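One structure below.
In the text below, chain A, chain B and the rest are named by the order of the sequence lines, each starting its count at 1. Heavy atoms only: backbone and side chains are in, while hydrogens, waters and symmetry mates are out.
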Amino acid sequence: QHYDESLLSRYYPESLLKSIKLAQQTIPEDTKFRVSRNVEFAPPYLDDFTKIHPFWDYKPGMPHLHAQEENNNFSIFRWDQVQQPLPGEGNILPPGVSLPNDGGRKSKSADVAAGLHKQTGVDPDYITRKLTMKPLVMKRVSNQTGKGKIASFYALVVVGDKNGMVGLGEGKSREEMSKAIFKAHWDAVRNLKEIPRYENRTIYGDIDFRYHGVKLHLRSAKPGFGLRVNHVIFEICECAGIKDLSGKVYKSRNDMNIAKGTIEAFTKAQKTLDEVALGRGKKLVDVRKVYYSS
Amino acid sequence: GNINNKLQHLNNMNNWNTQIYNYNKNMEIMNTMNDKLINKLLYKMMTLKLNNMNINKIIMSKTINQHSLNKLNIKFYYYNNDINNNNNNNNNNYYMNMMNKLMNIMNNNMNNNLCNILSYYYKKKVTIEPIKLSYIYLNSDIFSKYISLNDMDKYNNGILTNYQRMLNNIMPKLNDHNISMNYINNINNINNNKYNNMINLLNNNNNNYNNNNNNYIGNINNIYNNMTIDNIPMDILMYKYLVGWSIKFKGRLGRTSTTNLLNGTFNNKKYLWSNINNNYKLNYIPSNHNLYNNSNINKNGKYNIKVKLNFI
Amino acid sequence: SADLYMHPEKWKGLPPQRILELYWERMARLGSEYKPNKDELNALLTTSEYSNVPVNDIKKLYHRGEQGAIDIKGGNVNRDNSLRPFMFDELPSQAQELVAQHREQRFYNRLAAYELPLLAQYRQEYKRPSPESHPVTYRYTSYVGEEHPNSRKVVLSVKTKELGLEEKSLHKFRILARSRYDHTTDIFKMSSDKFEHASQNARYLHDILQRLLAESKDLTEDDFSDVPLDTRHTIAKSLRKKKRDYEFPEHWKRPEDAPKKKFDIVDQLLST
Amino acid sequence: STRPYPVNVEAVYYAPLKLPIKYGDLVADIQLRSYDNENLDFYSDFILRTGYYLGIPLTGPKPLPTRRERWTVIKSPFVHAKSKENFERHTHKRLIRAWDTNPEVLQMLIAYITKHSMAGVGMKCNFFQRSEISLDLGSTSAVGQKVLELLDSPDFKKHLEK
Amino acid sequence: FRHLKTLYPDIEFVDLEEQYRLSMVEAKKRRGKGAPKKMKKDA
RNA sequence: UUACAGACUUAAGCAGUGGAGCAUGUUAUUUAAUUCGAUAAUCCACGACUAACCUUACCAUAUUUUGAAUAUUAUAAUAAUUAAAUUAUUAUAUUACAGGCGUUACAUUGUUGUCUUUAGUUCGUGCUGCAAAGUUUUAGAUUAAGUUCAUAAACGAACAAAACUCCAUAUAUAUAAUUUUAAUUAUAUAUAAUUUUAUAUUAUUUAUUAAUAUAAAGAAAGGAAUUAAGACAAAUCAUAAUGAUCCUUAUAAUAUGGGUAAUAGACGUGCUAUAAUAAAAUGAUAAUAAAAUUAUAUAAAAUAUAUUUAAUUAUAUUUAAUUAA
Ligand SMILES: [K+]
Ligand SMILES: [K+]
Ligand SMILES: [K+]
Ligand SMILES: [K+]
Ligand SMILES: [K+]
Ligand SMILES: [K+]
Ligand SMILES: [Mg+2]
Ligand SMILES: [Mg+2]
Ligand SMILES: [Mg+2]
Ligand SMILES: [Mg+2]
Ligand SMILES: [Mg+2]
Ligand SMILES: [Mg+2]
Ligand SMILES: [Mg+2]
Ligand SMILES: [Mg+2]
Ligand SMILES: [Mg+2]
Ligand SMILES: [Mg+2]
Ligand SMILES: [Mg+2]
Ligand SMILES: [Mg+2]
Ligand SMILES: [Mg+2]
């Protein structure tokens with residue numbers, strides 16, 4: 001289409017009007033333009049080509065194959081910065097990717113909390129604020145293969161809220177011990193269980209429990225007695241919220257099997273007074289508690 | 001589509017470092033020899049010293065010699081780590097560091113610019129365009145030269161456990177499959193936006209005899225409605241994301257030892273799920289892969305650094 | 001102005017960035033021939049606020065250089081950020097090559113849109129040389145942007161029957177041309193690259209043409225009418241080119257078997 | 001009213017326009033050569049656009065037969081002449097012809113397309129000038145000179161004496 | 001490279017290949033493996 | 001130590017090798033020197049895609065000594081700079097050296113030869129075992145073959161693939177004012193198959209199946225590249241490059257000539273031949289190609305001589321056209 005100078009003079013710069021006038025006197029109005037399917041001269045988008053893009057066009061003053069300035073008339077005298085910054089926002093961050101501005105600030109507890117919430121539905125706040133994690137076993141194991149000995153890091157950890165909820169988790173990693181502990185912490189939260197506690201301080205009576213080769217003899221204790229037990233059992237009691245306990249381990253004292261045996265004993269070897277009362281149809285009275293009641 | 005657009009494929013002319021055709025074959029051989037010699041000379045002009053203990057090594061890629069009918073343009077990428085004044089002040093605005101002095105003799109110096117000297121060597125107008133790369137892992141040539149020449153104290157007694165870790169956290173591990181599928185969806189959207197524009201411009205009628213010969217659909221604006229420079233160009237550009245990188249070492253660092261570091265993807269799925277077709281550079285190197293080797297000399301002798309990058 | 005950077009006396013009153021740009025231009029354009037100037041330093045001190053650089057430092061930096069800045073810094077130990085993480089702010093060098101390709105395309109598109117149309121001012125109507133007054137054709141060759149020996153070559157070709165020679169003189173002309181005349185096409189072609197310049201070679205062929213024509217038109221002594229034209233050179237050339245000199249027999253054509261256009265009412269109705 | 005896109009901008013998005021040949025006087029042959037087709041074809045398209053505005057009827061780009069050069073090497077540096085690698089180079093060729101144009105306009109075409117040439121493209125131009133039989137003012141070897149000098153030197157004159 | 005010290009006096013270029021060679025010469029001198037003094041024609 | 005499967009391995013067919021002469025490489029020996037490798041597969045027309053001189057690395061004789069480099073310090077000749085000194089260039093001289101096909105591929109870079117494993121590794125999550133560990137159906141089916149498919153407390157991801165490609169082929173569009181003509185072509189772009197469908201038969205895991213045939217549609221029948229690991233401390237320091245060690249009036253440099261071409265035996269690889277399903281002549285309106293080459297050139301036609309009517313073959317004379325669809 002041929003347009004009058006008035007219309008074209010309200011959209012295009014004066015410097016380009018003469019070229020438009022000459023083209024409208026050389027190309028007849030009845031020209032039937034054909035599309036080339038061999039050579040693509042024009043870009044894949046529409047452009048009047050009246051403005052120089054700061055990125056998609058050659059930089060004015062920069063030397064290049066098609067620079068029209070004389071070699072003594074270039075205007076780039078500083079070379080410490082990139083001449084043509086990326087267009088638009090200034091980045092090419094893929095959709096769904098985040099710029100790693102800060103590195104090394106993640107909290108392993110928050111990383112465990114986010115993953116478990118997405119995989120199991122547990123509350124992230126409880127994991128990151130209410131739970132305490134304590135490593136119990138940290139060693140290196142090895143497998144003999146045709147290529148050679150392959151070492152692995154093994155971590156056994158216990159987590160708990162100090163208010164009845166405790167869990168045991170194990171983790172393995174061929175790379176580093178930190179990865180093994182992360183997996184163990186992840187596993188421990190998934191294995192969280194509630195353990196009965198008498199007066200939220202001790203166990204109900206005494207426990208004689210056999211876990212594989214470990215013989216566990218645990219006795220309930222008076223208030224203010226403290227924890228007088230194997231060091232492995234001590235850590236578990238701290239996480240679980242047991243304050244008073246006495247005990248002795250016979251036969252095997254393998255740390256791993258003491259920890260698992262203890263967790264099993266606290267759940268499978270205890271019976272609350274309420275459960276005993278209901279099962280037998282009898283009333284069970286704590287004499288010490290009644291003595292100080294109204 | 002991919003090879004018919006300047007933003008979706010690498011021109012085969014770029015596969016060669018000397019881009020020339022002369023009817024006079026002897027002059028072509030001479031120009032080729034001059035490009036190798038100047039490339040060597042430029043490599044010797046990159047090491048600069050301010051004081052005995054301030055030696056700035058600029059890492060330069062190989063030169064791209066664009067020989068047209070009227071001029072020769074020497075394009076190269078360079079990396080420089082400004083270690084002398086890397087402050088937050090504007091003191092650099094009141095003096096020319098050594099790298100600026102070096103770059104200003106290429107074209108700006110009015111009396112002894114390197115372009116005029118070379119213009120007599122080549123008997124044609126010559127221009128030099130240095131292009132600064134801010135990271136050393138954006139060009140395989142610069143990356144290999146840096147390791148070979150600057151990271152020797154890290155792999156001369158085996159590859160440091162920290163050195164390797166840094167060479168593995170350079171880039172976040174982008175998911176090539178979703179990036180490849182995002183690219184293909186954008187192409188389909190652009191292709192379906194133009195077909196809809198024409199279908200509408202035809203159904204609306206924008207000589208019946210002439211309605212069987214001409215193919216002019218109508219106003220350029222309507223055919224390209226909603227296809228501008230602000231949304232089409234950056235979405236179709238290829239080789240925009242580093243998705244893989246392998247750094248190898250070899251030589252004596254009393255027997256030669258080779259250590260190989262491999263991290264990421266060395267393929268492109270944009271070619272599988274779409275009609276887009278891959279192209280081999282020099283007929284043996286896939287377009288996505290850029291491989292370069294750099295050697296240096298230590299107390300024991302020669303050792304080679306072989307780096308390969310996969311940009312999709 | 002282009003020469004402003006050479007006149008630091010005239011920088012006073014310019015905006016802050018312009019003065020810094022002129023300070024950077026004088027250093028880049030002079031290089032080793034750069035000598036500190038008071039006027040230049042006076043203007044740079046006026047930019048101590050645009051850059052927030054202490055007015056004292058400016059003076060040191062202006063006289064010391066990079067070393068001065070290293071002292072102001074207090075040390076020369078800057079972290080080695082060679083393996084720093086990528087901030088998705090720059091493009092790979094291979095993608096920068098595809099952007100350069102597109103910068104070139106746009107450069108040519110802009111020339112075709114607004115620069116080529118201006119060439120229509122130089123259109124000249126073809127002043128055709130009459131085919132009868134201008135029968136000779138001189139071919140010149142130019143290898144653009146190259147030194148090529150063949151650029152000197154000039155070729156001269158003319159149809160003998162357009163030379164205005166009588167019958168007897170035309171025969172003598174063709175006899176004396178020998179291998180340079182092709183009877184089949186009637187073309188007399190001679191080339192010369194003996195001299196170093198094409199103009200010299202063009203004159204040489206022209207002079208030979210005048211000499212050959214004069215001898216052919218001087219039939220006072222010998223006309224060489226007894227001597228028949230020798231075509232052995234042309235025959236040898238013909239044997240090296242394949243001759244497809246066979247056409248479909250006319251008595252085999254069956255025009256009555258050709259498809260007959262059918263009647264289409266729609267096309268017949270769409271025309272009215 | 002939308003933004004008007006004039007015919008000059010629109011032309012860029014379509015195949016280059018060609019002017020009809022009236023007389024058929026071939027005035028120039030432009031042959032372009034490259035080791036790759038992409039720049040060769042793009043540049044050829046640009047020449048047609050330049051010629052149209054200059055008023056030059058142009059034909060082409062006619063593709064001429066591609067030349068193939070071949071080299072066979074032995075991959076090993078010293079021995080093992082049984083494994084040989086193949087290498088090749090292709091010269092791509094295009095012919096653009098100009099008709100019924102004055103010499104001055106033809107020189108403007110060559111000058112402009114030379115100023116804006118592409119990397120790795122070569123150009124040969126054959127110009128054809130029709131002239132009159134008789135013109136006004138028209139349109140010794142080093143070895144021979146030395147021979148005369150040598151034959152006059154005493155080492156040769158001492159024998160030529162008769 | 002030898003012409004660069006006069007074309008661009010302001011800039012100080014370093015020839016790493018030449019510099020490497022000179023260090024290897026000094027090292028051999030320290031190990032006693034230096035080169036014998038060359039005989040003079042006058043002798 | 002068992003059982004599987006694969007190839008591994010023969011046969012058939014065509015022409016050969018092994019025999020003669022010659023060509024060529026190697027060995028051995030000789031020689032002033034017969035330069036040096038490579039030298040089972042994976043050397044032996046190999047390095048070498050051309051050894052009269054050169055090439056050349058060897059021998060004889062004669063000759064050169066900071067030598068081809070960089071720098072230092074002097075001396076000059078020269079041009080600028082600066083008020084005669086400075087700086088530039090050049091030459092000479094000076095001393096660190098330069099130079100070395102000298103040694104070491106078993107000290108190296110790089111490259112290459114040969115074979116072999118290459119539906120396999122690692123990571124994430126899940127699950128089993130107190131645990132080291134395992135991840136289970138399965139020693140799955142099928143194919144010439146990862147070939148194709150199915151399946152299991154496993155499920156994914158990522159690389160090792162394959163494919164996606166490129167070539168060829170068929171077709172379409174564009175380009176050529178169809179005398180640069182081969183339009184029966186040239187070369188850009190695009191499409192096509194990893195073929196598809198129906199029916200009968202035989203097997204099956206019998207069903208929505210394979211093997212088969214039959215019918216129909218189709219131009220459709222062949223290739224390349226495509227990477228990971230390891231080994232022989234396999235070849236190369238003689239394509240170039242590096243360390244160590246050795247030579248420095250000589251193990252460096254130049255010239256003349258010679259040698260690498262020697263000859264008892266032996267070996268590899270070729271050529272020619274030992275005649276009639278095969279050799280030799282002759283075949284001009286000229287039976288029928290493709291791919292290459294021509295500015296450090298390709299050389300037409302013609303004439304002359306061998307040489308005879310002429311042709312043919314060889315060379316000389318002359319140097320047409322073309323630096324090329
Ligand atoms: K001889
Ligand atoms: K060996
Ligand atoms: K697992
Ligand atoms: K034809
Ligand atoms: K010889
Ligand atoms: K016979
Ligand atoms: Mg001639
Ligand atoms: Mg003949
Ligand atoms: Mg021919
Ligand atoms: Mg034999
Ligand atoms: Mg000799
Ligand atoms: Mg010799
Ligand atoms: Mg040495
Ligand atoms: Mg020697
Ligand atoms: Mg368990
Ligand atoms: Mg050996
Ligand atoms: Mg020999
Ligand atoms: Mg024939
Ligand atoms: Mg002849």
Side-chain angles (χ1 to χ4, degrees), chain A residues 57-76 79 83-84, chain B residues 6 10-22 27-28 30-39 41-42 45 60-78 103-109 113-133 139 141, chain C residues 93-94 96-108 111 144-146, chain D residues 34-36 38-40 42-43 46 113-123:
Chain A
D57 281 323
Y58 289 113
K59 184 171 184 175
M62 183 79 193
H64 64 280
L65 182 55
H66 302 287
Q68 298 305 313
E69 301 92 353
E70 295 302 322
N71 292 14
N72 60 353
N73 195 12
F74 290 119
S75 67
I76 310 301
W79 306 85
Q83 306 292 4
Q84 289 185 271
Chain B
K6 313 301 200 194
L10 185 68
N11 187 324
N12 297 328
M13 188 60 68
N14 292 312
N15 302 333
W16 302 294
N17 308 313
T18 297
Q19 304 175 5
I20 194 169
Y21 186 99
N22 305 126
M27 168 169 313
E28 189 184 316
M30 179 61 55
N31 285 313
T32 304
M33 286 173 50
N34 288 348
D35 290 332
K36 297 184 204 166
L37 294 175
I38 297 301
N39 197 22
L41 176 61
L42 287 170
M45 297 180 62
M60 181 192 155
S61 63
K62 55 178 172 186
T63 54
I64 302 151
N65 307 271
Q66 300 175 322
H67 297 263
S68 71
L69 296 176
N70 62 318
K71 54 184 291 175
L72 161 57
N73 178 81
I74 305 170
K75 175 196 206 177
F76 64 88
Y77 296 98
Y78 67 98
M103 290 308 175
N104 289 314
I105 65 102
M106 307 285 180
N107 315 272
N108 299 337
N109 196 258
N113 58 88
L114 186 57
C115 276
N116 286 6
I117 295 167
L118 295 186
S119 175
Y120 286 104
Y121 199 66
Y122 280 100
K123 190 175 178 179
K124 64 189 307 200
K125 174 157 66 168
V126 174
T127 59
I128 294 159
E129 60 169 323
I131 298 163
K132 195 206 193 204
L133 292 175
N139 185 293
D141 190 357
Chain C
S93 70
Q94 188 176 359
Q96 289 201 35
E97 283 178 334
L98 269 54
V99 172
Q101 291 166 206
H102 188 62
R103 287 183 181 119
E104 180 178 52
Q105 181 177 30
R106 295 175 53 76
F107 163 89
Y108 278 106
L111 290 181
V144 182
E146 287 181 57
Chain D
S34 176
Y35 294 131
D36 184 59
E38 180 183 353
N39 282 349
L40 182 69
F42 187 90
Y43 183 63
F46 185 73
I113 69 172
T114 304
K115 181 181 182 208
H116 306 290
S117 43
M118 288 192 95
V121 181
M123 183 189 299

Do A:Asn71 and B:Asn113 meet the criterion of a side-chain donor-acceptor pair at a distance under 3.5 Å?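 No, no side-chain donor-acceptor pair sits under 3.5 Å.
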Taking atom types as modelled, is there a side-chain donor on D:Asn39 or B:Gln19 under 3.5 Å from an acceptor on the other?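 Not at all, the side chains of D:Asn39 and B:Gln19 share no donor-acceptor pair under 3.5 Å.
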Got more than 12 heavy atoms from elsewhere within 6.0 Å of NZ, B:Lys62?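 Check fails, neighbour count at 12 or below.
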Considering only heavy atoms from C-beta outward, does the side chain of [X] approach that of [Y] to under 4.5 Å?
X        : Y        : answer
B:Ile38  : B:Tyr122 : yes
B:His67  : B:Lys124 : yes
A:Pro63  : B:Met106 : no
B:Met60  : B:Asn39  : yes
B:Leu114 : B:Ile128 : yes
D:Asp36  : B:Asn11  : yes
D:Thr114 : B:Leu69  : yes
B:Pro130 : B:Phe76  : yes

Contacts of A:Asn72 that satisfy side-chain contact (heavy atoms from CB on, under 4.5 Å) - sequence neighbours left out: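 Per chain and number, A:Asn72 pairs via side-chain contact (heavy atoms from CB on, under 4.5 Å) with A:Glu70, B:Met110.
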Tell me every residue that passes side-chain contact (heavy atoms from CB on, under 4.5 Å) with B:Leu37, counting only those two or more places apart in sequence or in another chain.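 So B:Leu37 forms a side-chain contact (heavy atoms from CB on, under 4.5 Å) with B:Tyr121.
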Residues forming a salt bridge (charged side-chain N to carboxylate O under 4.0 Å, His left out) with B:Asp141, sequence neighbours excluded: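 With neighbours one apart ignored, the set is B:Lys145.
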Please give me the minimum heavy-atom distance between [X] and [Y], naming the atom from each residue.
X       : Y        : result
A:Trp79 : B:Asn104 : NE1-OD1, 3.1 Å
A:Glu69 : A:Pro60  : OE2-C, 4.4 Å
A:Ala67 : B:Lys71  : O-NZ, 3.9 Å
A:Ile76 : A:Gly61  : CG1-O, 3.4 Å

Separation between [atom1] of [X] and [atom2] of [Y], rounded to the nearest 0.5 Å:
X        : Y       : atom1 : atom2 : answer
B:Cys115 : B:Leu72 : SG    : CG    : 9.0 Å
B:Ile74  : B:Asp35 : CD1   : CG    : 7.0 Å
A:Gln68  : A:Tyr58 : CD    : OH    : 11.0 Å
C:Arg103 : A:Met62 : CZ    : CE    : 9.5 Å
B:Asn12  : B:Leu10 : CG    : CG    : 7.5 Å
B:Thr18  : B:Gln66 : OG1   : CD    : 11.0 Å

Show the numbers, then the answer: is there a side-chain contact (heavy atoms from CB on, under 4.5 Å) between C:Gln105 and C:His102? CA-CA 5 Å; C:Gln105 181 177 30; C:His102 188 62; 3.4 Å; yes
Side-chain donor or acceptor of B:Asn70 paired with backbone N/O of D:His116 under 3.5 Å: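 Answer holds: no.
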If you apply the rule side-chain contact (heavy atoms from CB on, under 4.5 Å), what do you find for D:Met123 with D:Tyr43, and how did you get there? CA-CA 11 Å; D:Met123 183 189 299; D:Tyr43 183 63; 3.2 Å; yes
Under the side-chain contact (heavy atoms from CB on, under 4.5 Å) rule, what do C:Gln96 and B:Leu133 come out as? Steps first, then yes or no, please. CA-CA 10 Å; C:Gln96 289 201 35; B:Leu133 292 175; 3.5 Å; yes
Would you sort out whether A:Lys59 and A:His64 count as a side-chain contact (heavy atoms from CB on, under 4.5 Å), showing the intermediate values? CA-CA 9 Å; A:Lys59 184 171 184 175; A:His64 64 280; over 6 Å; no
Can a salt bridge be assigned to the pair B:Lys6 and D:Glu38 using a cut-off of 4.0 Å between side-chain N and carboxylate O?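 Yes, B:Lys6 and D:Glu38 are salt-bridged.
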Please verify the inter-ring angle class for D:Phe46 with C:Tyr108; under 30° counts as parallel, over 60° as perpendicular, anything in between as tilted.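 Rings of D:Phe46 and C:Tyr108: perpendicular, over 60°.
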